[PDB]
Amino acid sequence: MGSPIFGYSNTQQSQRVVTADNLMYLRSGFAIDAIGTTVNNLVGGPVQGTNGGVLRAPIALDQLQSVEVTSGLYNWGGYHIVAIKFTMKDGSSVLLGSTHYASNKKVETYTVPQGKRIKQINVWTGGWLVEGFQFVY
Ligand SMILES: OC[C@H]1O[C@H](OC[C@H]2O[C@@H](O)[C@@H](O)[C@@H](O[C@H]3O[C@H](CO)[C@@H](O)[C@H](O)[C@@H]3O)[C@@H]2O)[C@@H](O)[C@@H](O)[C@@H]1O
């Protein structure tokens, strides 16, 4: 019915439906700042001062094979998701965020089952970074 909750889920839960375009959008820097399914509906911290990260090229969810999610104690505070490595069905991968600015890290690896379309992304944020996310089928 879905993936595990990657990262942490203590903060507020938002739900972002995947459109027919099958896209996942992220803002990231040294951590994961926000996640959405359109350029307009990202869930996470605002672009405020020097915070908020950079909007990255979207992930084609219909092309996604697996994720490797690194979470930990971010050096500027709190437990959040700091990096996501997306491996695609063509064999390529992209790493957003960073593993180098957090302690007490964990890595969670998950493969999207063949024939399962990701229909929704649940995202947990307290208003600064992304603490967790989950795929729903
Ligand atoms: O993706 C997370 C973050 O990554 C990049 O900023 C990294 C950190 O850089 C530090 O120099 C500092 O600016 C951090 O921001 C926190 O700490 C400062 C200093 O106390 C504070 O003013 C801020 O409000 C934050 O609490 C950064 O996290 C950038 O890509 C950034 O845009 C992105 O959010």
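The first residue of the sequence shown is numbered 1, and numbering continues consecutively from there.
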Heavy-atom donor-acceptor pair, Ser28 side chain to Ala31 backbone, under 3.5 Å: no
Spacing of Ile121 atom CD1 and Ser14 atom OG [to the nearest 0.5 Å]: 12.0 Å
Six-ring centre of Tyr8, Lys106 cation under 6.0 angstrom, axis tolerance 45°: yes
Minimum side-chain heavy-atom gap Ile59-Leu26 below 4.5 Å: yes
Side chain to side chain, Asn40 and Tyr25, heavy atoms closer than 4.5 Å: no
Donor-acceptor side-chain pairing of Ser92 and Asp90 below 3.5 angstrom: yes
Backbone N/O of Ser66 and side chain of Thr111: donor-acceptor pair under 3.5 Å: no
Aromatic contact, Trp124 with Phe6 (centres under 6.0 Å): no
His80 side, atom NE2; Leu73 side, atom CG - distance, nearest 0.5 Å: 8.0 Å
Spacing of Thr70 atom OG1 and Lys85 atom NZ [to the nearest 0.5 Å]: 10.0 Å
Pairs where residues 94-103 contributes a residue and the test side chain to side chain donor-acceptor pair (under 3.5 Å) is met, not counting sequence neighbours: none
Distance-only side-chain donor-acceptor flag, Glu131 / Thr11, under 3.5 Å: yes
Ring geometry between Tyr74 and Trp76 (parallel below 30°, tilted from 30 to 60°, perpendicular above 60°): tilted
Test log, rule side-chain contact (heavy atoms from CB on, under 4.5 Å), inputs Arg27 and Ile35: CA-CA 7 Å; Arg27 278 192 275 102; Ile35 290 172; over 6 Å; no
Counterpart residues, salt bridge (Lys or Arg N to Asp or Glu O under 4.0 Å), relative to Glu68 (two or more places apart): none
Side-chain touch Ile32/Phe133, heavy atoms, less than 4.5 angstrom: no
Side-chain H-bond candidate by donor/acceptor type, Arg16 with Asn122, under 3.5 Å: no
Straight-line distance of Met24 CE to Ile84 CD1, nearest 0.5 Å: 5.0 Å
Heavy-atom closest pair, residues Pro58 and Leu23: CB-CD2, 4.1 Å
Polar side-chain atom of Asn22 near backbone of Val18 as donor-acceptor pair, under 3.5 Å: no
